[PDB]
């Protein structure tokens, strides 16, 4: 159960470090930066997908599960990355993307040829409706229909995501055996675990029922299918149980109840899952514009959501802790202050997250306070944006252009994909060539070199938070309790374990705030473990400065 005590660093390798000088982040670049990650303190790295792919969705549309995409390097580089990680006492978690493949996968190239092709059923084909339209009104997460017509066989194929990401048919035993062969291949060669991409979708309602009704709908059939957990349970039986490993599911559509199904140790499925519920706090529940129909940051909602998850898996299953990844913007730009108070705010949000129960995940650049980009709309790369622009702005007109741009500047996935900022030199030292996407214009004041020089840096604050987690077992095994829950500025909570208490008090606003400990904690004595300002250790009453974070342990 080393995975309970781990801190995971997520690398998006095409934007981490270009060792070879082609403007593209590569595996040798990752190897060169292992020392830096270890120095931060993470003991597990999860690497976004580096398998062969036409890059329609930047790695998540795989055309070969057993070879690297050329621009990352070869398999000899990957096996070397694996050995270099293990050498440093670290673990490596690869991204398992098996809800769908690339339409350029060998399997799909055969499958599309005819109905009588051996691979036809590796994927999900349906006849049109009598009037020629799609088998149902299901939409793609990336806009338009979830169904694409093949003139050659007169049938549609299913894709929850891009037209170039046909969904696999998990009902087919051949397809599952194929996936397990892929997992076995890599785990035999030292991969310590998997992050499972949209694992919540692998089971379909095989009757493909319409939604009630404007034109295409994404909803409850797109996840949590009737055989989801059956399949995962088989995966565990056939594979995960043969190795000392770690598993984290990207559980799209997951609520607390579903989380227990995934994570309850007794069910022998997965160790932990990512949820979206705390990420969904700043969108309207059901608008045709989805994630792009944005709501202001609501602290109460954040507290309510995260707390439900802390208490829900408090004594059963296990939580993941994250605010950033390659699918999310920079949390400080999204929900806080990324200018004058950038460091305080980054530290605030870190403290809130790291003081909780579960496994923390640090997204590359989170640890130095990277921010959202001011790049123009035409400079974004993500297919999700271009597709949404076309649907929401051009065709349906459910968002003005100005409104669509505001939304992308807050929530566009590309805010997480501009290259990692290493120093203040050309392309922030990411590359000696021309980067695949431009570096954020603020890199000169926000980078690793300046961070490692400044003792007041966000980097050292993260380093210290990781150190404290290894030193104080209460941070890993304590329970959780929300305090002052109605406070519109302060997020405070308590952890308790074996007679010891850990009090976390974080002001997530730009104004002064007042924390007053509940009556029953008034006569506790505290040792301050960390704070983003200079700090008596007298915590019965704290006048909190803008974005001030305090973590204290009872003595």
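Numbering follows the first chain given and starts at 1.
Coordinates are absent for 1 to 3 residues of the deposited sequence placed between residue 535 and residue 536.
The modelled chain is continuous from residue 266 to residue 267, since every residue of the deposited sequence in that stretch has coordinates. With 397 to 405 and 438 to 446 compared on mean CA B-factor from the PDB entry, the stretch scoring higher is 397 to 405.
Here 219 to 227 and 324 to 332 are compared by their mean Cα B-factor, and 219 to 227 comes out higher. Take 35, 64, 516, 70 and read off each C-alpha B-factor from the entry; 516 has the highest. Looking only at 43, 52, 56, 511, the residue with the top Cα B factor in the deposited structure is 511. Among the modelled residues of the chain, residue 196 sits in the lowest third by CA temperature factor in this PDB entry. Among all modelled residues in this chain, the alpha-carbon of residue 486 has a temperature factor (C-alpha) in the highest third. Residue-level temperature factors show residue 451 in the lowest third of its chain, judged at the C-alpha atom. Per the PDB record, residue ranking by Cα B-factor puts residue 24 in the middle third of the chain. When all modelled residues of the chain are sorted by CA temperature factor, residue 314 is found within the highest third.
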